[PDB]
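Chains A and B, in that order, are what the protein sequence lines are.
According to the deposited numbering, the first sequence is numbered sequentially starting from 38.
According to the deposited numbering, the second sequence is numbered sequentially starting from 37.
The beta carbon of each residue, even a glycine, is placed where N, CA and C say it ideally should be.
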Amino acid sequence: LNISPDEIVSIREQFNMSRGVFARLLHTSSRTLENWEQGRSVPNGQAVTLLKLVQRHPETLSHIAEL
Amino acid sequence: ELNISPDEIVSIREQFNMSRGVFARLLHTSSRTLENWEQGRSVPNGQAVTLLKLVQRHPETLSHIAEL
């Protein structure tokens with residue numbers, strides 16, 4: 038439903054990943070993610086869903102990679 | 037770049053024996069938007085496509101999503 042810029046950064050920090058690496062694993066551009074992390078735009082509802090999914094279920098990154 | 041065809045979107049939903057409205061709500065979109073994706077009038081945004089292919093290959097994902 039909702040996720041703040043600080044929370045988006047924190048998800049990435051669980052994985053000890055740089056922005057570019059995390060973005061790539063989410064099939065999202067680095068710059069789009071930067072905009073979200075920096076509070077310049079809001080992610081769409083499916084992106085929020087995706088970030089929240091990865092947060093709680095880290096194995097989702099691997100699933101994505103194998104798509 | 038990931039892609040999912042309109043027919044594939046319909047098949048995923050039917051596989052979940054789910055109405056268009058419920059599936060849409062779980063994906064955080066409207067039934068009207070999902071209908072556009074299913075009929076090929078629109079293509080989902082990139083994160084939407086990713087979610088769809090996940091739910092397609094990993095069914096348990098829908099359960100995870102429901103509980104976020």
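- Ranking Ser41(B), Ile45(B) and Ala84(B) by CA distance to the CA of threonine 65(B) puts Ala84(B) first.
- By the C-beta density criterion, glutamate 96(B) is exposed, having fewer than 16 other C-beta atoms within 10 angstroms.
- For the 7 Å CB-CB criterion, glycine 82(A) and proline 42(A) do not form a contact.
- Rounded to whole angstroms, the separation of the alpha carbons of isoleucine 101(B) and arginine 61(B) is 11 Å.
- Under a criterion of Cβ atoms nearer than 9 Å, the residues of chain A adjacent to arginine 93(B) are, in order, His100, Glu103 and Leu104.
- Each residue's CA atom was taken as its position, placing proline 80(A) and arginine 68(A) some 12 Å apart.
- For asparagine 81(A), the closest Cβ of chain B is nearer than 7 Å.
- Here the C-alpha atom of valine 91(A) lies approximately 26 Å from the C-alpha atom of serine 78(B).
- Just measuring C-alpha positions, the residue of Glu103(B), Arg93(B) and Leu104(B) sitting nearest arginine 49(B) is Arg93(B).
- Here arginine 56(A) has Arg49, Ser67, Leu70, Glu71 and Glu74 as same chain residues with Cβ atoms under 8 Å from its own Cβ, once five neighbours each way along the sequence are excluded.
- About 5 Å separates the beta carbons of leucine 88(B) and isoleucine 40(B), which is inside the 8 Å limit, making them a contact pair.
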